[PDB]
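> Build me a model from this:
(chains A, B and C, ligands or ions: 8)
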Amino acid sequence: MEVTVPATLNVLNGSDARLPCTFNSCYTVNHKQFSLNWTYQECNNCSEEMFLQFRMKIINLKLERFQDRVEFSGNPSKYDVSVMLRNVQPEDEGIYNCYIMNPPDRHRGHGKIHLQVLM
Amino acid sequence: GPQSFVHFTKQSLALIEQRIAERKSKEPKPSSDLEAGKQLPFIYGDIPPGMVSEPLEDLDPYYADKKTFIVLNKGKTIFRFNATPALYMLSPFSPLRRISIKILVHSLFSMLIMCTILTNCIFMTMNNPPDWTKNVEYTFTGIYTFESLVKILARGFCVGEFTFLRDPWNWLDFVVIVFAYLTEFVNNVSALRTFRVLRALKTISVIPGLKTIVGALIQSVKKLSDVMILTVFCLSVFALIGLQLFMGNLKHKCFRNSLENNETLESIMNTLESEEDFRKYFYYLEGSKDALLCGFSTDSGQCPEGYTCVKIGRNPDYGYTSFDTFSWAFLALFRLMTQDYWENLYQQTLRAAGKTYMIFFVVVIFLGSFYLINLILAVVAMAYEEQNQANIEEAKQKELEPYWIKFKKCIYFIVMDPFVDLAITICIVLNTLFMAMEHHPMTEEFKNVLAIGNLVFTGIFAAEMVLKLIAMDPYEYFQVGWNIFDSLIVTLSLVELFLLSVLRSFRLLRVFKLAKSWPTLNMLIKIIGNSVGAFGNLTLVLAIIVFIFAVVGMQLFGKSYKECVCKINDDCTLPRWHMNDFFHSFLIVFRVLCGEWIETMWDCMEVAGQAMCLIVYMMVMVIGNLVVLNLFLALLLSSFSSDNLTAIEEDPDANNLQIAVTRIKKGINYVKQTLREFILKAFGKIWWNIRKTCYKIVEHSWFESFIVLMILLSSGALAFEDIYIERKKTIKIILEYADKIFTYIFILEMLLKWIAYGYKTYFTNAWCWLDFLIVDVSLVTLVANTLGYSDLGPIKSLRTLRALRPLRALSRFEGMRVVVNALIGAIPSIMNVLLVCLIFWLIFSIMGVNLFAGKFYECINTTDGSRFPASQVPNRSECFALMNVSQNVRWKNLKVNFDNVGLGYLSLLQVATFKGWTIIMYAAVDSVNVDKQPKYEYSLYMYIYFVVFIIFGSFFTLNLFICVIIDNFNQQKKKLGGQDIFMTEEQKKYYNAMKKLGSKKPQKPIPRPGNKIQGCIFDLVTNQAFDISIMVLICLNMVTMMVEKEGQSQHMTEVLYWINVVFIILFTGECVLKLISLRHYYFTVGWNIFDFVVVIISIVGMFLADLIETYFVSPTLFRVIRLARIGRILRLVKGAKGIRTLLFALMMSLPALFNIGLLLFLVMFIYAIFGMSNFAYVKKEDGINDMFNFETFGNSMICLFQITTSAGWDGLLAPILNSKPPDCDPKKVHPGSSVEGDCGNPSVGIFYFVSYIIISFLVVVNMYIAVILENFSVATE
Amino acid sequence: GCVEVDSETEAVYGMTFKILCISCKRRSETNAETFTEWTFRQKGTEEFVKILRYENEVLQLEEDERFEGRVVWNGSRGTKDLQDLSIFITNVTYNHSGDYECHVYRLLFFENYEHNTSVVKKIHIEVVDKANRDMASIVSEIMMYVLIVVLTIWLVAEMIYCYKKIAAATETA
Ligand SMILES: *[C@@H]1O[C@H](CO)[C@@H](O[C@@H]2O[C@H](CO)[C@@H](O)[C@H](O)[C@H]2NC(C)=O)[C@H](O)[C@H]1NC(C)=O
Ligand SMILES: *[C@@H]1O[C@H](CO)[C@@H](O[C@@H]2O[C@H](CO)[C@@H](O)[C@H](O)[C@H]2NC(C)=O)[C@H](O)[C@H]1NC(C)=O
Ligand SMILES: *[C@@H]1O[C@H](CO)[C@@H](O)[C@H](O)[C@H]1NC(C)=O
Ligand SMILES: *[C@@H]1O[C@H](CO)[C@@H](O)[C@H](O)[C@H]1NC(C)=O
Ligand SMILES: *[C@@H]1O[C@H](CO)[C@@H](O)[C@H](O)[C@H]1NC(C)=O
Ligand SMILES: *[C@@H]1O[C@H](CO)[C@@H](O)[C@H](O)[C@H]1NC(C)=O
Ligand SMILES: *[C@@H]1O[C@H](CO)[C@@H](O)[C@H](O)[C@H]1NC(C)=O
Ligand SMILES: *[C@@H]1O[C@H](CO)[C@@H](O)[C@H](O)[C@H]1NC(C)=O
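Residues are numbered from 1 along each chain as shown, chains lettered A, B, ... in the order given. Ligands and ions are numbered 1, 2, ... in the order given. Let me share the structure:
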């Protein structure tokens, strides 16, 4: 399961941020097992934090500083799990993680994206 | 002109264009011998030294006018060029151009560009190149680029007759270098990488003498036009038949009748995704992917109690085996024509739609899988032969156009020709038979004896090597080609002694040393040497093709097979046959060549797309099969007559065994007389009237007809005795009494013959001996029955010889007699060939039993059948310690293996036939050591044993057999005058007459009716475009029949119905107008008769079908009556001519195959009764199940028909070998009968199936010969 | 394999008789667990009465004074997958002539669910004093001999005719 992501992402402050995570899995994705793990971490030393996932339906945990700004904007059936960042601020600058597990393919996918904000 | 060599100079430039100037001021084929590429003739002799590889004047008169030049090598090779400057830049004396020629006209150039390529390939063989290989990639690109460059600035890009781009093969180097630069600069790439494969096709360019090979393959393919057209046509027609009959049939599955919480078929079928989910609602046998089929009839599969037969779900085998749509029917019947695992289609269709649909599968195997294949092998052969013949003609025409000395001579007198050689050969045979006595549970004493023997023999052979080596000088000793062999063998022996298992077994090839006194083995050596000799280039081409397809398969599908493994294997691990390595890709390509190409293809498609899998496999198969057929044919025809023509005497230096044998008749005959002389020195009318009566009566046709009817009644009465006899009690009594009557009449027959012909003439005829034995069997059985001795052991195993009763039929049916005489006249030879094949397979079998013996044991969890993983339980003691605490664990072998030379011969018969070899390779390449639990492909590289084996035992031996058979048949035909040896005297009249039907060219052109209107109709119908149109609309109707599918729609069904109605109407109309035109002459044309018939059947069909569907209910009869339409297609044959002739060949050939079919049917009858008697009570296992078994005449004739093509015979044979529990149970109850025990007898079973497969092989060879000679006779006429 | 063969219908008096009832299964490889009931209506009575039940290894005989010690179990043994349900009569009498039913109840075991089916076999029994020979057997025997004799006379007729012909030809010669 290769993951197609842009390593570095520069988005203008206050604009919309398209954060594309995609994969090419040869097996038909079926919603009754396929899982998406959406996590982010700032500095390597500081801890990873989870904000979105997908077990049966799209789950948003509505976090502090991630409140009312993140919604799922992709559809897993066509291998697109992109998300949007509404009206980016300087704060969300950091390193974004999309973890994909698509059974019955055993290999657990992993995309990494660096998001930077320009004034 | 021997001495006309002039340096091509400024004057050459000077003179040429004013020659061409006057040609264009005034407005013969070139010398074939001097045309570039070939060799310089001897007429010009040797070349001045400094003139070699220089610009020279042009020799050929045709090109003399135009402006060219030629450069000649030190290898006397013609390289022609054009004197126009390269790109209008490089004049023929530019210094760069000279040195460029010097490179191009140089052999080391070819040596370099070949040493690069033959390493580029080895670099292709890796699937995951390391990072260091970039350097190699770049250097390779550089070498190809500049070696193409040195061509450019010498040969010339495009401005010339001879310029680079002109040769087709310089297309390929250009395209590969430009793509390599491209992909390197445009930087999935898998398609682009596939074209890097293309590099290794420059191999054909570099090495000489494959240009001609590939040209030959192209020109030989060019001839299979009409046969491929007819193959497409016939496959399509049978595809329509199969589509009509079985549309949707294989979609049956048994669905439980007890659904809880308010569901239906549909309600579930929308919400289902698993194999487990389908298991909870359908019926799956243990360990299967597909759901068990079922049928709506009494002769179909039977659903378990609790389930009902419904049509729903997905078709079997991932959905690819079907008759649903025209394309899938095409695929299924192509699978039938190539007989690739067709028996599974056989069982699936029969379980789905019933047993009585066996006729369909018979008509196809007889026609499609035989008549097409023969037409192909005959066309290819016929082409090949024409080329060999022309080639030979041309070759011929062109040719035409002090103490040391003392004891060395002493040892040489101890070379004594008559005897020491015989001592050595008997040492050879004693060795080989001593080494054919290994086996696995072999005691230490046998071990010792065998070891000691090997040592003594080694010693003797070595001793003779050293003795003869001192006898005469090594300078001549190592000249005799057999000498090098022996020395080699002794050296190998010494190395073995002082250190692999495979190394133990190079002492076997000494069996060829008997070839000196063995002429058939000399034939075999002629084949083996030929394939590396005068036809070694074609074998190299086969190696190239296998490499190309191997690496292409790897490059395309390799990754796929690794990302998508879970679709094709449940444990999420790669399958057994995959394309993710070079070696495994090679194995799959080899398997495709042998003929088992679906199952791998299903996996292929299931992971990597239908289109690319299909194109590859079809192409692999076609190209490979063509090249292999060409190799086979070549060798067969070279060895046939072109090998040798008795140019030298029979063993010119009279054979040492023949020198020895003289000393034997010198000895035995003389001593026979010495003991003879010494032992003598020491010491009335009435009877003849009875005879003439009995003679007269038995000849009378009334008597003969009586006896034939009697024989048929006996034969039929045998078939009622099956498992169900206790149910039909009245039939049981009737059959006993009829058997008693029958034996009575037959002994009266014997008595009348005895008095008629006399004891003598009756005892000196074979048929009377056969009948005598048969009636003896009957008499003994009868008397023992009436004396109470009716149950005592052998007298019950003598009753089972009643099955021989049909064997009286052969003496009454002419065709049977003629076939039997034809097949008996060729046994003497076949025996010698067979015995060579046996000694050869014996060498292979000892190789086997040395490599594998005793290592196929493995613990098996019998509940599911999964061998315990070699993490825990790696060995015996562990398997036993496990059984004592767990259960259903066994240390189980394969039952067909290499534990000794005999089982070795059996397992080899399986491998050389490809029917059941798969489990042997799997369990061999897993082997570790005796008493060891195998590991998954722990010895991967044993498959080469099987590849080598396959190559020699199936490819050369089949060649040898075919060669001898043809030769004998030629003898059996030539001696008697060209008469067909499979036809009776009336059949000959018929054939001669049927021949004159294919020879009438002219007929009167049907005078034109007077009246104007009908005259217009006439000149309409006889016009050329009338038929053209009608056949165009025939194709337009064929497509209307193709467009159907499964569950299409209501609207579509009607709309096709209406097109059909319109076509029917036009056709009927044409018929009527035609009739009106040729009034009273319509029937002079047989094709027009056919037509009338089809139009009528078709109208009838439409109306009747309508009637039945509307009022009656009969699905099956509806479908079988809707097949009247198929006739409308058969008129495509009318317009064709490339097909008419071929089908007329089949019509010519029919009666011969009729007689072989009669013989085959009688043999199948006898074997059916034998199986009915013995194997009706065996367990139900691999090939014997609830529907295919021997419990009844229908079932047994089905099973035997299946294995007539040798298909799946291992599956039937496997459950008969079991004996001595836990394999079987000898105390079974078998309700409704008094028989006990449920397992068969190994020896009789092996005899049964082996015997059958050889006899079937022999009759189908005769069928082959019949059709092939018929095709030669028609085509050369 | 398994064959469903009907039982014989005549019994000799004062002897042994086995009443055959085979009930195969539709698919041979399945797995079941069966037990069987036998009811018997005597000739003249109008009601069938339960006589014997067989469950899993044991035959239970109903307390009927016509079958006290005269029936012993004789069908398939040692399993619960009973498929031949025949009983054995060890001492036949005249009270054994009547009507029978072989009640086989088969509970099947499948991948996820279980079936309870039922099959019934009806047998009519006539006890007799001596064994009457089957009509087909007698007819077949007499046919055997009559064809034997007619073939003999046919053949001898041809011998005499051809003998007369050839003998005449020889005197003429
Ligand atoms: C042999 O295979 C059988 C069947 O696969 C194994 O039996 C399973 O055992 C596990 C527990 O060990 C149970 O949960 C399963 O339900 C059993 N399977 C079935 C079909 O009942 C058995 O474990 C294997 N033998 C050993 C000891 O390796
Ligand atoms: C047979 O298999 C066992 C697998 O365990 C091999 O190893 C022995 O295993 C037993 C049981 O665990 C231990 O008690 C022994 O100590 C193990 N052997 C050694 C050398 O430590 C065993 O060696 C195998 N033997 C053969 C003859 O194959
Ligand atoms: C049909 O389905 C309903 C659920 O809405 C259920 O209550 C009812 O029992 C079902 N009927 C039957 C006959 O199963
Ligand atoms: C199997 O081995 C165990 C372990 O010693 C032992 O207790 C048991 O008796 C053995 N069973 C048999 C049948 O040998
Ligand atoms: C049946 O039983 C009666 C009474 O016990 C006895 O007289 C008769 O001999 C028996 N017959 C047989 C065949 O056992
Ligand atoms: C048979 O039946 C009669 C009455 O039907 C009874 O009196 C007699 O005792 C019975 N005999 C046996 C042996 O059961
Ligand atoms: C049937 O009954 C007889 C009578 O006792 C007995 O010997 C036999 O074992 C029984 N079973 C079978 C299968 O014959
Ligand atoms: C099967 O049916 C019979 C018929 O009454 C019944 O007695 C028995 O208990 C049933 N068994 C099951 C498991 O339903």
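
> Tell me how chain C divides into domains.
With domains defined by automatic domain parsing, chain C comprises C:10-128, C:133-173.

> Please enumerate the strands of the chain.
Using chain A here. Under the criterion DSSP state E, chain A contains strands at A:2-4, A:8-12, A:17-19, A:22-24, A:35-41, A:49-54, A:58-60, A:70-72, A:83-85, A:94-101, A:109-118.

> oops, chain C please
Here chain C has its strands, by DSSP E, at C:10-12, C:17-19, C:31-42, C:49-55, C:58-61, C:71-73, C:87-89, C:98-109, C:114-116, C:119-128.

> re earlier: buried deepest among the domains of chain C, which one?
Of all the domains of chain C, domain C:10-128 has the most neighbours on average by mean count of other Cβ atoms under 10 Å in any protein chain shown, namely a mean of 16. (C-beta placed from N, C-alpha, C; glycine too.)

> That one near ligand 1 at all?
No - counting by Cβ under 6 Å from any ligand atom, ligand 1 is not contacted by domain C:10-128; separation bottoms out at 11.3 Å.

> what about that domain, distance to the chain center?
Computed by Cα atoms, centre = their mean, to the nearest Å, the chain-centroid distance of domain C:10-128 equals 14 Å.

> so who does residue B:535 touch?
Contacts for residue B:535 were tallied using Cβ atoms under 8 Å, 6 or more residues apart in numbering or on different chains; they are B:631, B:634, B:635, B:638.

> so of those, which ones are in helices?
Counting by DSSP state H, the members of the contacts of residue B:535 that fall within helices are B:631, B:634, B:635.

> In this structure the last one contacts residue B:959, no?
Yes - using Cβ atoms under 8 Å, residue B:635 is in contact with residue B:959, at 5.6 Å.

> joint contacts of these two?
In contact with both residue B:635 and residue B:959: residue B:527, using Cβ under 8 Å, 6+ apart.

> Between these two, which is the more surrounded one?
residue B:635 (25 against 19; other Cβ atoms under 10 Å in any protein chain shown).

> From residue B:223, how far off is the more buried one?
Distance from residue B:635 to residue B:223, counting by Cβ to Cβ, to the nearest Å: 20 Å.

> quick one: contacts for the residue of chain B found nearest ligand 8?
Closest contact between chain B and ligand 8, by Cβ to the nearest ligand atom, is at residue B:258 (11.9 Å). Counting by Cβ under 8 Å, 6+ apart, residue B:258 touches B:306, C:113, C:115.

> and the closest residue to ligand 2 within chain A, how many neighbours?
Residue nearest to ligand 2 within chain A (Cβ to the nearest ligand atom): residue A:106, separated by 29.8 Å. For residue A:106, the neighbour count with other Cβ under 10 Å is 11.

> Grab the nearest non-local neighbour of it.
residue B:572 (6.0 Å; Cβ to Cβ, 6 or more residues apart in numbering or on different chains).

> related to what we said a few turns ago, dump the strands of chain C to TSV, plus distance to ligand 7.
Converted to TSV, the strands of chain C look like this (distance: least, Cβ to the nearest ligand atom, whole Å):
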stretch	distance to ligand 7
strand C:10-12	15
strand C:17-19	7
strand C:31-42	16
strand C:49-55	14
strand C:58-61	12
strand C:71-73	6
strand C:87-89	4
strand C:98-109	17
strand C:114-116	28
strand C:119-128	17
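
> Nearest approach to ligand 8 belongs to which of these?
Within these, the stretch nearest ligand 8 is strand C:114-116; the backing value is 3.8 Å (Cβ to the nearest ligand atom).

> what does that closest one contact?
B:258, B:305, B:306, C:105, C:106, C:107, C:108.

> how many neighbours does the closest residue to ligand 7 within chain A have?
Per Cβ to the nearest ligand atom, residue A:104 is where chain A lies closest to ligand 7, at 53.3 Å. Applying other Cβ under 10 Å, we find 13 other residues in the vicinity of residue A:104.

> how about the helices of the stretch 351-500 of chain B, start to end?
Under the criterion DSSP state H, counting those that start in this stretch, the stretch 351-500 of chain B contains helices at B:358-366, B:372-400, B:403-413, B:420-435, B:444-471, B:474-477, B:481-498.

> wait, the stretch 801-950 of chain B
B:814-824, B:827-851, B:876-883, B:901-911, B:917-924, B:943-950.

> burial measure for the residue in the stretch 501-650 of chain B positioned nearest to ligand 2, as a count.
Residue nearest to ligand 2 within the stretch 501-650 of chain B: residue B:501 (19.0 Å; Cβ to the nearest ligand atom). Using other Cβ under 10 Å, residue B:501 has 10 neighbouring residues.

> before we move on, what about residue B:66?
Residue B:66: 15 neighbours (other Cβ under 10 Å).

> For the residue lying closest to residue B:431 once chain neighbours are set aside, give me its contacts.
Distance criterion Cβ to Cβ, 6+ apart; nearest residue to residue B:431, sequence neighbours excluded, is residue B:457 at 4.7 Å. With contact set as Cβ under 8 Å, 6+ apart, residue B:457 has these partners: B:427, B:430, B:431, B:434.

> how much space between residue B:1141 and ligand 6?
Distance of residue B:1141 to ligand 6, computed by Cβ to the nearest ligand atom, to the nearest Å: 87 Å.

> can you pull the contacts of that residue?
The neighbourhood of residue B:1141, defined by Cβ under 8 Å, 6+ apart, consists of B:1274, B:1275.
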